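# next one to model:
(chains A, B, C and D, ligands or ions: 10)
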Amino acid sequence: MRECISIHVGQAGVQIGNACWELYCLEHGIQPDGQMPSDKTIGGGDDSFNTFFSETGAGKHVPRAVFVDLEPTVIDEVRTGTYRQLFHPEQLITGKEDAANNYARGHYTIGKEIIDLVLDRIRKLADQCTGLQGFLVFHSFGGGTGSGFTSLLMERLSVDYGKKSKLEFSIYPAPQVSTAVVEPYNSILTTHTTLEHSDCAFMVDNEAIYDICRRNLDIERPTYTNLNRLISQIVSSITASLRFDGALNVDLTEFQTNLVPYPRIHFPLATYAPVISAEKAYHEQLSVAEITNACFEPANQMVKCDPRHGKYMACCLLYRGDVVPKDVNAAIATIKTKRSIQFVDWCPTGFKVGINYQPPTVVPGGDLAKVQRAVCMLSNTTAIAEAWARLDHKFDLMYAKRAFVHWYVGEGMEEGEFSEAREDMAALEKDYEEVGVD
Amino acid sequence: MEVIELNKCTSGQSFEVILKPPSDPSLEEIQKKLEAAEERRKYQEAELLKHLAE
Amino acid sequence: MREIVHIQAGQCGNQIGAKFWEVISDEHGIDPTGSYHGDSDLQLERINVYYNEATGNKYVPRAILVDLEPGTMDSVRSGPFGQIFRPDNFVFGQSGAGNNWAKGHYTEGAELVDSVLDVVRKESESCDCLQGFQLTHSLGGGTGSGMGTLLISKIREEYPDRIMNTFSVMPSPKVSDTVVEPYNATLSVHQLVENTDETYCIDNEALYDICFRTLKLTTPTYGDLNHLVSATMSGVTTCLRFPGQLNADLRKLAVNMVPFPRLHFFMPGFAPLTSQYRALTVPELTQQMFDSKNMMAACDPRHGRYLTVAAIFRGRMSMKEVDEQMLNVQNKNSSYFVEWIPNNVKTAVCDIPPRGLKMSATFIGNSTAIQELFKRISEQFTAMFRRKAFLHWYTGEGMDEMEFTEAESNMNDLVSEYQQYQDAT
Amino acid sequence: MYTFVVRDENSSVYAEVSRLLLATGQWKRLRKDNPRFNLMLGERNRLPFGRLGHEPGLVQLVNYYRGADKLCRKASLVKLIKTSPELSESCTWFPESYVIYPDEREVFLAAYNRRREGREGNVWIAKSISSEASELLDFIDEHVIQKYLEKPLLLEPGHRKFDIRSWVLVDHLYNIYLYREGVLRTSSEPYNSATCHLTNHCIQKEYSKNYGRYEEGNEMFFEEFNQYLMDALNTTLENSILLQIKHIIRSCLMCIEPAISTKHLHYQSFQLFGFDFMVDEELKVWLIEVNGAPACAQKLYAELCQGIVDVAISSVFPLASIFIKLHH
Ligand SMILES: Nc1nc2c(ncn2[C@@H]2O[C@H](COP(=O)(O)OP(=O)(O)OP(=O)(O)O)[C@@H](O)[C@H]2O)c(=O)[nH]1
Ligand SMILES: Nc1ncnc2c1ncn2[C@@H]1O[C@H](COP(=O)(O)OP(=O)(O)CP(=O)(O)O)[C@@H](O)[C@H]1O
Ligand SMILES: Nc1nc2c(ncn2[C@@H]2O[C@H](COP(=O)(O)OP(=O)(O)O)[C@@H](O)[C@H]2O)c(=O)[nH]1
Ligand SMILES: [Ca+2]
Ligand SMILES: [Ca+2]
Ligand SMILES: [Ca+2]
Ligand SMILES: [Ca+2]
Ligand SMILES: [Mg+2]
Ligand SMILES: [Mg+2]
Ligand SMILES: [Mg+2]
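Numbers count the residues shown, from 1 in each chain, chains lettered A, B, ... in the order given. Ligands and ions are numbered 1, 2, ... in the order given. For reference, the structure is listed below:
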């Protein structure tokens, strides 16, 4: 058993992390006070769930997690919320004044003053690990802390844990719920500084989650609470393999092996189905073929883009619920003769499948209805570069006028880092087109 | 198709179906960046306080 | 606790400042004695931004009252909420400033400034996380204009890493006290261009027209003008005083609103402006909010382009419908929003409406049309300066003509800077 | 009020479309780079499909189908017809073709050597005409090679060649609309099997003395061509040619539908296509090419462009038939 440490940075990272650990507790049967009845090895054990939870002599199961925010108000919610008893205060790290949606403020000015404290707190959790395998880092692209401090933390982690893997859950900026005009700036900046330090990064576009909530959950104006509940389902199905018995994606290294043949091209597209409103009294339970076919509908992806115009490098199907391999292959055979699924010539056309019999768990009283079976597809398709092109375009519009650049220079950042980060993004778009276009 | 590496357990099973075969900077270098940024900050502030002194 | 330190200087600054504290004190459920008597926790969740908590659970405004004569401040101390202000925070002289920028900035004001900074320092030292300062003042007089900008310059020297925010009342010959107001305003604008991060440009010309043409006030008084200003000030600070995600502190607001350091002068707007029990739908708020007749700067928004816009809706309403109406405004009149700043319009919604209204909307726009305001002042300035008229009032206080020439050139540069970005594509 | 942008100034069709929209008073044109548009009249090359459908509160429509180049490129079409089971190499309406890079060289020779062996017709054409394979291969090294219709239908008087151009509109729902009006781009020169071979309207006005002798602009419209077929061959344009054309159109478009449909996409597509057909002496129709950015006959610009607005634009953006719906 190898441990995983989760790191939640900034508001988005903290609130999403709050929703995932709530969902983890429900799935593993861990009560808010940290007690886990089904756990018979008191105060210890090397079970699958122990990769995310430590154990105290009193039987408490403590998330192997650290929360970091340059402002106290969001993490104060965790300090006084339902699962306040899960975490010890050493895990919740807060500052006084935040990065003001300024990457430079989060990376240089304010990050420099708190980076050593976070590492020390992270070192404490690493010292409780008999075989630490790496980190899962949750953050937004658009915030000053989620973008600026995350990139600094990812740098130091490569120095202090050069052999450990690092995976990201990144929230891509969407104007329907965004809070700063400069979020494209922070997005390119943090993607350029973090690119070499991340082994696998799952981007979630708030736009896609927003529309999914409006279209499939009948939410007029979704809130972060609606978005984070859904995001935690996707995150849960992605990490279920690390927390439960199984043979697919059993360690963080396998994510890179199964999903990322090219290091820089380490952004798998996530597609999830079904999303059913809990308000519908009776709903036709979808079959294995139906929820699998839904994995190739853009309307269900975490990032709106068209995989038909692009090539695949890898594909994993993660099923939770009543699914047997026979139905998966039957559904796949049918789909292959009706969809546009192109793999790169130097890759086999196939699917790595994992099935967990335990169906998805839903927060009691939430928006998602209980379903008999669900699936999360993780496909490394070149079509996800559409998100880079959209982002780099917004960057170009503002930077040609130098709009807002003085906010970053004033914090000690140099104007050249803008074009350097932009040149790196330009090269990243070129790599995608080489792999996906003829 | 072709099903391979079928693994089964109490909580589920995994496998692979094939449809067709194919055809870091150091802590020192980082610290120099941070201190350099903080240096430019202090320089720009000193020039402001110089302008205000005038 | 992101504390804000409020400063009000001169006759105008202290009169609008007093009304501002009366308005928000009511919204937060604070009475003239400092005691809280509200029925909603939202009223107190961010009460510390503008109020200090004292003994007996009293709430004391973090406000400093400044003037070179005691007149207006004696009125404030006897006004409705006069007793709520901290007595030690009344800092005043006796000579006055004679509507003379030089007196407020160089001679009479210099004698009193250190006393104000002593009170400012005592307020800042007890702040957990000081956001910055907000100053209320006019630019056409002497104390608010001349000493106000002197304070700003000395506050920046001691607190260079804090946000400087002002509500600046712009002079107009329509509502004028002396002929030297363009001199005082031109000298002050140069100070503001350099030493503030956010300036709400409140044009007495716009305030008068709204009172006369809209509210149907044939003989508007300053009290009528200030009712519009205090209502606008409550609106623009809503995101600071209540829990929210967008523009919830002074620096994040500046990051969203100021793409270039010198172009930080905003056109405020308010809706509804009614002369009253009728329900105002969300479409109605949105149209009126963007209507130039609801702007406070007397500039035609269609004569320029929006660099950035902040919108605030107050009251119980459909947020879905709010989002729809805001998208309609942009998509319908997209030519007036610069295309090189994507998604430059941010919208916030607060559940608590202002007093008397079920629903209201406050508009904060960074438009290049604000240049019309600075061109107006520049033309009035030059009409006198070319003949050196009334200059002796200033040279007698030690000023040289050169300093007027520089202030003239600085504001013309500011106008040229706005015109540059009004043609950028 | 609806909004649109123009990003292909050289488009004659959508120039008229843009003119019609503005003349409706309910459409407003924006700068080419303003994102808050409803409709995009996109450019022909590197159209930024990835930036469409990401504007909250805007239903966005574009006048091109992403991925339609597979059908509108010389080499793309050949590969699509040979590799698509819906079409297969058992495609009785497409001339035997081969893609040659300056690859299918060995295949082109295996069939070429069988034709000179069988003493049958062995004339081919190269594009991106000769009975000698070496002359073609030497030319490409300085493309595609398909069988040249040596037995083409010849109009009389004249004993001359021609081709048929059909305009096909596909709306966001993927209905196939065939414009009832076609044109025959005719050759004003008699056909000699030993300018009169290429029916291009430009080569006819630049390298033919008789340009305009028989018909104006070497363009015979359907009303006349039908009467000719009735008087000369005792048949109608509908039975002898139009059935095959309708069949070829839907076959091609239904083939790529799964790859380009925008039915469940965050933006919508429509596109006007130009199909070019050849007819042989036995009244068999052959597909020659598909044009993804076609122009229209001068006389028909008004009617066709108005139908684009009716079925393709106003269908998605309603305001305040000349087509044949090929059902499927
Ligand atoms: N899905 C989701 N997105 C969020 C959430 N909170 C913020 N965001 C998005 O994150 C971006 C803003 O960044 P934040 O995480 O709030 O900023 P930060 O990391 O706290 O950094 P600061 O600037 O110092 O506050 C915007 O694009 C928001 O839409 C959340 O709870 N869920
Ligand atoms: N296989 C073939 N058999 C007989 N004639 C052929 C032929 N291929 C081409 N042609 C003749 O050559 C002409 C030009 O063919 P081609 O497809 O290259 O036109 P083009 O694509 O260069 C311009 P456009 O895009 O407007 O059609 C046709 O109109 C036809 O007369
Ligand atoms: N809106 C408003 N403007 C005022 C008020 N009092 C004065 N002014 C304007 O302020 C300018 C004069 O400045 P004033 O505040 O009286 O001078 P000061 O006391 O030296 O700062 C003139 O342009 C007046 O029109 C007021 O109560 N409300
Ligand atoms: Ca145990
Ligand atoms: Ca590494
Ligand atoms: Ca004195
Ligand atoms: Ca002193
Ligand atoms: Mg934050
Ligand atoms: Mg006065
Ligand atoms: Mg062509």
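# which helix of chain A spans the most residues?
Of all the segments of type helix in chain A, defined by DSSP state H, the longest one is helix A:415-436.
# count of neighbours near the residue nearest to residue D:312 when sequence neighbours are not counted?
Once flanking residues are discounted, residue D:312 sits nearest to residue D:270: 4.3 Å by C-beta to C-beta, 6 or more residues apart in numbering or on different chains. (Each C-beta comes from the backbone N, C-alpha and C, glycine too.) Residue D:270: 25 surrounding residues under other C-beta atoms under 10 Å in any protein chain shown.
# my guess is residue D:270 meets residue D:168, correct?
No. Taking contacts as C-beta atoms under 8 Å, residue D:270 lies outside contact range of residue D:168: 11.2 Å.
# the closest residue to ligand 3 within chain B in helix, strand or coil?
Of all residues in chain B, the one sitting closest to ligand 3 is residue B:52 (23.1 Å; C-beta to the nearest ligand atom). Secondary structure for residue B:52, judged by DSSP: H, G, I helix; E, B strand; the rest coil, is helix.
# quickly note the distance from the closest residue to it other than its chain neighbours to ligand 3.
Distance criterion C-beta to C-beta, 6+ apart; nearest residue to residue B:52, sequence neighbours excluded, is residue C:157 at 4.6 Å. Distance, residue C:157 to ligand 3, by C-beta to the nearest ligand atom, to the nearest Å: 22 Å.
# quick check: residue C:157 vs ligand 2, distance?
73 Å.
# you'd agree residue D:59 is up against residue D:316?
Yes. Assessed by C-beta under 8 Å, residue D:59 is found in contact with residue D:316 at 6.6 Å.
# quick one: the strands in the chain?
Let's take chain A. Ranges of strands in chain A, per DSSP state E, are A:4-9, A:53-55, A:61-63, A:65-69, A:92-94, A:134-140, A:165-172, A:200-205, A:269-273, A:312-321, A:349-356, A:373-381.
# actually chain C
C:2-9, C:51-53, C:59-61, C:63-67, C:90-92, C:129-138, C:163-170, C:198-203, C:265-271, C:306-314, C:345-350, C:360-367.
# give me the neighbour count for residue D:176.
Residue D:176 has 22 nearby residues by other C-beta under 10 Å.
# contact partners for the closest residue to it other than its chain neighbours?
Leaving aside its sequence neighbours, residue D:176 sits nearest to residue D:326 (C-beta to C-beta, 6+ apart; 3.9 Å). Residues counted as contacts of residue D:326 (C-beta atoms under 8 Å, 6 or more residues apart in numbering or on different chains) are D:176, D:177, D:178, D:246, D:249, D:250, D:253.
# from those residues, which land in helices?
Using DSSP H, the contacts of residue D:326 in helices are D:246, D:249, D:250, D:253.
# report the two of these separated the most.
Greatest spatial distance among the ones in helices among the contacts of residue D:326 (C-beta to C-beta): D:246 and D:253, at 10.9 Å.
# got the domain ranges for chain C?
With domains defined by curated CATH domains, chain C comprises C:2-265, C:266-370, C:371-423.
# from ligand 2, how far off is residue A:17?
For residue A:17, the distance to ligand 2 - C-beta to the nearest ligand atom - is 58 Å.
# that residue against residue A:10, yeah?
No. Between residue A:17 and residue A:10 there is no contact under C-beta under 8 Å: 10.3 Å.
# what about those two, which has more around it?
Per other C-beta under 10 Å, whichever of residue A:17 and residue A:10 has more neighbours is residue A:10, with 30 against 26.
# from what I can see that one touches residue A:149, true?
Yes. Residue A:10 lies in contact with residue A:149 (C-beta under 8 Å); the separation is 7.1 Å.
# what touches both of these two?
The contact sets of residue A:10 and residue A:149 overlap at A:68, A:70, A:106 (C-beta under 8 Å, 6+ apart).
# what about residue D:287, is that helix, strand or coil?
Following three-state DSSP, the label given to residue D:287 is strand.
# please work out how many residues are found near it.
Other residues close to residue D:287 by other C-beta under 10 Å number 21.
# state the distance from it to residue D:243.
Separation of residue D:287 from residue D:243 (C-beta to C-beta, to the nearest Å): 14 Å.
# look at the residue in chain C that ligand 1 sits nearest to and say how many residues are nearby.
With C-beta to the nearest ligand atom, the shortest gap between chain C and ligand 1 falls at residue C:252, namely 7.1 Å. The tally of other residues near residue C:252 (other C-beta under 10 Å) stands at 23.
# again, but for residue C:303
Using other C-beta under 10 Å: residue C:303 sits among 15 other residues.
# which residues touch it?
Applying C-beta under 8 Å, 6+ apart, the residues near residue C:303 are C:369, C:372.
# go with 6 Å
Listed by C-beta atoms under 6 Å, 6 or more residues apart in numbering or on different chains, the contact partners of residue C:303 are residue C:369.
# one step back: could you dump the strands of chain C into a markdown table and include mean neighbour count?
As requested, those are exported to a markdown table (neighbours: other C-beta atoms under 10 Å in any protein chain shown):
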| stretch | mean neighbour count |
| --- | --- |
| strand C:2-9 | 24 |
| strand C:51-53 | 19 |
| strand C:59-61 | 20 |
| strand C:63-67 | 27 |
| strand C:90-92 | 20 |
| strand C:129-138 | 25 |
| strand C:163-170 | 26 |
| strand C:198-203 | 24 |
| strand C:265-271 | 26 |
| strand C:306-314 | 25 |
| strand C:345-350 | 21 |
| strand C:360-367 | 27 |
